[PDB]
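K.L.:
Here's my sequence, what's the structure:
(chains A, B and C, ligands or ions: 6)
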Amino acid sequence: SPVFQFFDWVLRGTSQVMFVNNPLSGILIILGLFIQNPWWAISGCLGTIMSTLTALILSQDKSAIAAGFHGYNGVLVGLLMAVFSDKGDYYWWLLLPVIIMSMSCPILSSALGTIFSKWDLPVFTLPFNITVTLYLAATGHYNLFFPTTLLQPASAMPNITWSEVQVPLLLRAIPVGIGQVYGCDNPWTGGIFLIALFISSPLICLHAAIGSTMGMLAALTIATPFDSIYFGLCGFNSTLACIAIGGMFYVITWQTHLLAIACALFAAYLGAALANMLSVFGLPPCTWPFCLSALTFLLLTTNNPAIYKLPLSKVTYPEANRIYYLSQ
Amino acid sequence: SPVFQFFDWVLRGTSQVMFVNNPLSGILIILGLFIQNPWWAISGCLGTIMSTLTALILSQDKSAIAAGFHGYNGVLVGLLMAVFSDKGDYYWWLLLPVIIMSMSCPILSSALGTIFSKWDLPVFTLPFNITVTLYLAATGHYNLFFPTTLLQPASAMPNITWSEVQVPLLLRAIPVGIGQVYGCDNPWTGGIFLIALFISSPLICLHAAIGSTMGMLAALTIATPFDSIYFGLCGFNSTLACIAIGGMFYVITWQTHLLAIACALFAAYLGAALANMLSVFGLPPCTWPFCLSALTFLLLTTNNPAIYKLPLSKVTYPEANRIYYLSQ
Amino acid sequence: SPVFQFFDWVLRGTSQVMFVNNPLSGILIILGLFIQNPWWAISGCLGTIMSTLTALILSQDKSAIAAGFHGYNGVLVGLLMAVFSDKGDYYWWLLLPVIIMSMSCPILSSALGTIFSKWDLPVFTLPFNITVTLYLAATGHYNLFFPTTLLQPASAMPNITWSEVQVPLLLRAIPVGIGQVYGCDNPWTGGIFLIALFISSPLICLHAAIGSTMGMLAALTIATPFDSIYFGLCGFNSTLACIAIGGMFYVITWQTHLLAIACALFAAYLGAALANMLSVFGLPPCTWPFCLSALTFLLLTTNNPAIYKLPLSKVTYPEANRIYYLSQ
Ligand SMILES: CC(=O)c1ccc(C(=O)Nc2cccc(NS(=O)(=O)c3ccccc3)c2)o1
Ligand SMILES: CC(=O)c1ccc(C(=O)Nc2cccc(NS(=O)(=O)c3ccccc3)c2)o1
Ligand SMILES: CC(=O)c1ccc(C(=O)Nc2cccc(NS(=O)(=O)c3ccccc3)c2)o1
Ligand SMILES: CC(=O)c1ccc(C(=O)Nc2cccc(NS(=O)(=O)c3ccccc3)c2)o1
Ligand SMILES: CC(=O)c1ccc(C(=O)Nc2cccc(NS(=O)(=O)c3ccccc3)c2)o1
Ligand SMILES: CC(=O)c1ccc(C(=O)Nc2cccc(NS(=O)(=O)c3ccccc3)c2)o1
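P.N.:
Numbering: from 1, shown residues only, chains lettered A, B, ... in the order given. Ligands and ions are numbered 1, 2, ... in the order given. The relevant structure is shown in the block below.
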């Protein structure tokens, strides 16, 4: 029956946000989202369903849809449209734009696909960034139908007293950091996401934890206010970069491990920079630093024989990549 | 005599703004411009003449100049320099910068030509955008020689009463929308431009009207203030995108018709977004959304056999493209 | 002994800022920097040393390192980090970020190298611009550890009285203009830099002087305040563009001479534009106009046989390029 295949496709698309291709992980992710806020989960599921349907209508490649590559952008756009909303919970009209902008994810992810194929690179999360920035800038806070929350550039020297830092929450910032990938801020959903990652491949989970820790440490060297670190907004760009560079697109080796740690640090600093720059327009920084940093560390060329870049036709998950590299 | 050939070249360059290659259409366009404001027409004609002469001096391709591809950027830069001016009518010194910046149109349109040729794409209007943004940002409002008018970001929630909407002007917004391509705002010049388009090819005229209507409708779903819609600033980016995607660069078919309508809607929303974003610097959004949207819908690849993309060496006008596709 | 070779490498890297490859020129540059401000020289030397060491560790091409192509970005990032600092002279903690960001110069200059090689173009100064913009935006003025100085957009109509212009300083603006390439503002260091350039190749020195004069003249046509022209900030982007286009990457001929002068003028106007635009974020414009203008005048294609573009594998310095072109 086609319907079961379709729902398998949407589950895989939901799972594919953190480079994991497994329906059980998708079920766990949906359970975590419903633990967080039901309205956000509804918006995300609607977004991914509509994105997959539009991709099917435009008749792109069959294997790509069957693997879920076309569904991991709808869930993010739905969740981030439901988060930055001033109307509150259960504002049904918000479901109208979610249908429209989701349709723009299959198109853009195809267009960039023609440009990046020359250098054999992936289209990481650029369509989601473009669509969400477009919508948030088009609506604005002073809108009569879909108002947005306020972001404003800093105006005075922050007040920090180092005698009040609390180690408990500083350590706690890791699960919240890994949970903030989907926009959630509860420790429980962070733990559930960690379990869902670990079910499929341990290496991804370990690298996500290391990246979150790197992001949290990197923000204490420029005197970031403690509230941002506690909330976890300073460590959700590092995890994705660390996962992408560490084991997936490079064959795993200790040199690539160090390179991934460097990627996490660079992503964190670029994230701070873009967060301060984009605050003038009133827009938030969302997965721009990860895209730029991951793209700039996959174009580097070295003569060291241990840093091997896999072709895009074979990347499945780190252990399989290792065995494939060793076999031939 | 060379002089007659030269004036034929400038007339074709003037006509080429709306993808039409015919001297009679150019005469009609000039008549409309002189109906609007004589000073603006003088500036535009000077710009196109200087741009064509510079292109001839740099010795680019002969056929391109003879077809007018090098003259459709000077007229726009001249008109938009004459529009955003605070000194008033008949400020002769303004003719000095117009000579200089026009010379920068043949250069840029060549440079981008080397980059885009890899993927076989056109350089739609990027040189005009780059030059005008450069000039407007360099001068600024607080200038002692060439001051500019004021644009400022919104600061308070707009006041809209839906009981005062007037259907007459809302319907009227279509001819003004098609006339705003050259910067004019009079219904009479809009009608004249429509006639000039219809003389050469009916399909272009029909698609321009449909695109203008789409742009006008798309702005009522985000509560745009009525003055902008009445003035026609919300429907001059959609017409160009609809014309470009509908019949010119794709073989005409109902699938491409729907794709062109989608292009118009996407261009309108991106136009709103860029208009709100660029207001911080004090610059207006001018033909950026059309360029980006048209470029992002010519790189899409599909397996449907009815969406055929013509090579750039054969695009003449939609009926000829249809007959050429059917013949072989 | 390897150590002597290493110090030769860092000297060549220091010299390679103005397209000159000679240790004696490097010694002269260091002498000028130490004449200006010892702290700035310390920061620059540390930056170039760390950049060269990182490039060696990443194991890039051997000839490129031996020629100094990897050391001309560290000195600039060190100098510009030492200039825009509010803490004052001898703030030792500033040496910590200088070590980190310098390590990001070998990486980026490699990544862009894979993209630009398709069209056979160089990576002029983009890594330095990216790194410095990232750091300055990330820290900001309202920072608790590394505060920056303040740049603010203009708010009122400037006051200029043409009866007070002083020809002495207007003529003086040329050596200061050529000296502001490294961030110094003293006439003596400008003269020393001019001598250092002249020792290796007269053509580079002459073109630098012509470019500085062009930049100084171009700023009096838009009523720039006199303080900026006196300080020399209006003529350090033109010199680099004139040197790059005039003799290095094109075979020297009078047509290319005129083209280089045009490049200087275009770079100056784009510099004014970017300076006014980037002031909203609080960042300064640093070698962006030179990069963009030089890149856009190396992609132009003409049928004139006298405008010949050399391959990147043979560019050494203008006289050698001339003799090589004539020989075959
Ligand atoms: C969230 C995130 O960062 C992420 C998850 C998966 C990916 C990804 O990029 N996978 C992938 C794997 C192999 C090949 C390609 N090729 S592609 O050009 O990007 C392409 C995109 C669309 C449809 C067809 C192909 C993509 O990014
Ligand atoms: C993966 C992705 O794209 C994503 C999901 C969620 C986010 C995100 O949350 N971005 C962000 C970054 C900075 C500030 C804000 N919001 S804030 O009002 O300024 C604020 C700052 C401090 C503490 C409370 C709230 C949001 O990004
Ligand atoms: C206003 C507008 O959007 C418009 C009108 C005409 C065009 C256009 O793009 N025509 C065209 C038709 C076929 C081939 C190319 N090739 S090109 O690279 O763009 C190129 C530009 C310069 C001189 C030589 C060639 C261009 O855009
Ligand atoms: C084809 C092209 O490039 C072009 C020609 C003319 C325009 C144009 O008009 N852009 C634009 C867009 C938004 C606002 C303004 N001007 S305004 O002062 O803010 C204002 C807004 C509302 C009603 C009155 C005036 C101008 O673009
Ligand atoms: C000071 C300044 O503006 C400047 C910029 C570039 C040069 C220069 O001399 N570039 C050059 C000369 C020959 C070959 C290449 N090739 S490259 O791909 O860009 C490449 C960059 C990195 C390391 C290896 C090679 C670059 O001077
Ligand atoms: C090669 C390079 O990267 C470089 C070296 C030096 C600079 C540079 O100096 N840029 C710059 C440009 C504009 C303004 C400012 N600073 S300012 O505070 O606004 C100011 C304005 C008026 C008089 C004094 C100082 C700095 O760039």
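
K.L.:
From residue B:165, how far out is the closest residue to residue A:132 other than its chain neighbours?
P.N.:
Of all residues not flanking residue A:132 in the chain, residue A:80 sits nearest, at 5.3 Å (CB to CB, 6 or more residues apart in numbering or on different chains). All C-beta spots, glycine's among them, are computed from the backbone N, C-alpha and C. Between residue A:80 and residue B:165 the computed distance is 33 Å (CB to CB, to the nearest Å).

K.L.:
neighbour-wise, which of the two wins?
P.N.:
residue A:80 (25 against 12; other CB atoms under 10 Å in any protein chain shown).

K.L.:
all helices for the stretch 51-200 of chain A, in order.
P.N.:
Taking DSSP state H, counting those that start in this stretch as the test, the helices found in the stretch 51-200 of chain A are A:62-67, A:74-83, A:95-116, A:126-139, A:167-179, A:187-200.

K.L.:
Does the fourth one pack against any helices or strands, and if so which?
P.N.:
Which is helix A:126-139. Secondary-structure packing of helix A:126-139 (3 or more CB pairs under 8 Å, 6 or more residues apart in numbering or on different chains; DSSP states H and E): helix A:74-83, helix A:95-116, helix A:288-296, helix B:254-278.

K.L.:
would you turn those helices into CSV with distance to residue A:204?
P.N.:
Converted to CSV, the helices and strands packed on helix A:126-139 look like this (distance: least, CB to CB, whole Å):
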stretch, distance to residue A:204
helix A:74-83, 18
helix A:95-116, 22
helix A:288-296, 15
helix B:254-278, 35
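
K.L.:
Tell me which of those sits nearest to ligand 4.
P.N.:
helix B:254-278 (5.6 Å; CB to the nearest ligand atom).

K.L.:
Could you pull out the buried residues of the closest one?
P.N.:
Within helix B:254-278, the residues that count as buried by 16 or more other CB atoms under 10 Å in any protein chain shown are B:256-257, B:259-278.

K.L.:
and those near ligand 4, which?
P.N.:
The subset of those within reach of ligand 4, by CB under 6 Å from any ligand atom, is residue B:275.

K.L.:
Excluding chain neighbours, what is closest to residue A:250?
P.N.:
Closest to residue A:250 by CB to CB, 6+ apart is residue A:256, at 4.4 Å.

K.L.:
residues touching that neighbour, list them.
P.N.:
A:245-247, A:250, A:306-307 (CB atoms under 8 Å, 6 or more residues apart in numbering or on different chains).

K.L.:
before we move on, what about residue A:310?
P.N.:
Contacts of residue A:310 (CB under 8 Å, 6+ apart): A:249-251, A:321, A:325.

K.L.:
That one and residue A:247, how far apart?
P.N.:
11 Å.

K.L.:
okay, and the common contacts of the two?
P.N.:
Joint contacts of residue A:310 and residue A:247 (CB under 8 Å, 6+ apart) are residue A:321.

K.L.:
Give me the contact list for the helix or strand hosting residue A:43.
P.N.:
In this assignment (DSSP states H and E), residue A:43 forms part of helix A:38-58. Defining contact as CB under 8 Å, 6+ apart, one finds that helix A:38-58 is touched by A:6, A:9-10, A:13-14, A:30, A:33-34, A:65, A:70-79, A:81-83, A:89-90, A:94-95, A:98-99, A:102-103, A:105-107, A:110, A:182-184, B:302.

K.L.:
Surely residue A:60 is in contact with residue A:110?
P.N.:
Yes - Residue A:60 is within contact range of residue A:110, at 6.4 Å (criterion: CB atoms under 8 Å).

K.L.:
Would you mind listing what in chain A touches chain B?
P.N.:
Within chain A, the positions adjacent to chain B are A:58-60, A:104, A:107-108, A:110-115, A:118, A:133-135, A:137-140, A:142-146, A:280-281 by CB under 8 Å from any CB of the partner chain.

K.L.:
count of residues packed around the residue in the stretch 201-328 of chain A that ligand 2 sits nearest to?
P.N.:
Proximity of the stretch 201-328 of chain A to ligand 2 (CB to the nearest ligand atom) peaks at residue A:286, 3.2 Å away. Per other CB under 10 Å, the neighbour tally for residue A:286 reads 22.

K.L.:
tell me the contacts of it?
P.N.:
A:80, A:128-129, A:132-133.

K.L.:
Just send the residues you listed back as JSON lines, with distance to residue B:314 too.
P.N.:
Below are the contacts of residue A:286 laid out as JSON lines (distance: CB to CB, whole Å):
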{"residue": "A:80", "distance to residue B:314": "43"}
{"residue": "A:128", "distance to residue B:314": "37"}
{"residue": "A:129", "distance to residue B:314": "36"}
{"residue": "A:132", "distance to residue B:314": "39"}
{"residue": "A:133", "distance to residue B:314": "37"}
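
K.L.:
Sort out which of these are buried, if you could.
P.N.:
Buried among the contacts of residue A:286 by 16+ other CB under 10 Å: A:80, A:128-129, A:132-133.

K.L.:
Return the member of the residues you listed nearest to chain C.
P.N.:
Nearest to chain C among those: residue A:133, at 17.0 Å, using CB to the nearest CB.

K.L.:
Distance check, that closest one against residue A:80.
P.N.:
Residue A:133 is 10 Å from residue A:80, by CB to CB.

K.L.:
cool, and residue A:95?
P.N.:
Taking CB to CB, one finds residue A:95 at 15 Å from residue A:80.

K.L.:
what domains does the record give for chain A?
P.N.:
Using automatic domain parsing, the domains assigned to chain A come out as A:2-139, A:166-327.

K.L.:
Would you format these as JSON lines with distance to residue B:21 included?
P.N.:
Output for those, formatted as JSON lines (distance: least, CB to CB, whole Å):
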{"stretch": "domain A:2-139", "distance to residue B:21": "28"}
{"stretch": "domain A:166-327", "distance to residue B:21": "40"}
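
K.L.:
is the helix or strand residue A:25 falls within up against ligand 2 anywhere?
P.N.:
Residue A:25 belongs to helix A:23-36 when assigned by DSSP H and E. No - Helix A:23-36 lies apart from ligand 2 when judged by CB under 6 Å from any ligand atom; the minimum separation is 12.1 Å.

K.L.:
Just the buried residues of that helix, please?
P.N.:
A:23, A:25-26, A:28-30, A:32-33, A:36.

K.L.:
mind checking how far it is from the chain centre?
P.N.:
For helix A:23-36, the distance from its own C-alpha centre to the chain's C-alpha centre is 16 Å (CA atoms, centre = their mean, to the nearest Å).

K.L.:
and for it, what are the contacting residues?
P.N.:
Contacts for helix A:23-36 (CB under 8 Å, 6+ apart): A:8, A:10-15, A:17, A:40-41, A:44-45, A:79, A:179, A:182, A:184-186, A:188-189, A:192-193, A:195-197, A:199-200.

K.L.:
Could you turn the buried ones of these into a ChimeraX selection?
P.N.:
Under the burial definition 16+ other CB under 10 Å, those of the contacts of helix A:23-36 that qualify are selected in ChimeraX by:
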select /A:10,11,12,13,14,15,17,40,41,44,45,79,179,182,184,185,189,192,193,196,197,200
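
K.L.:
No further queries at this time; thank you.
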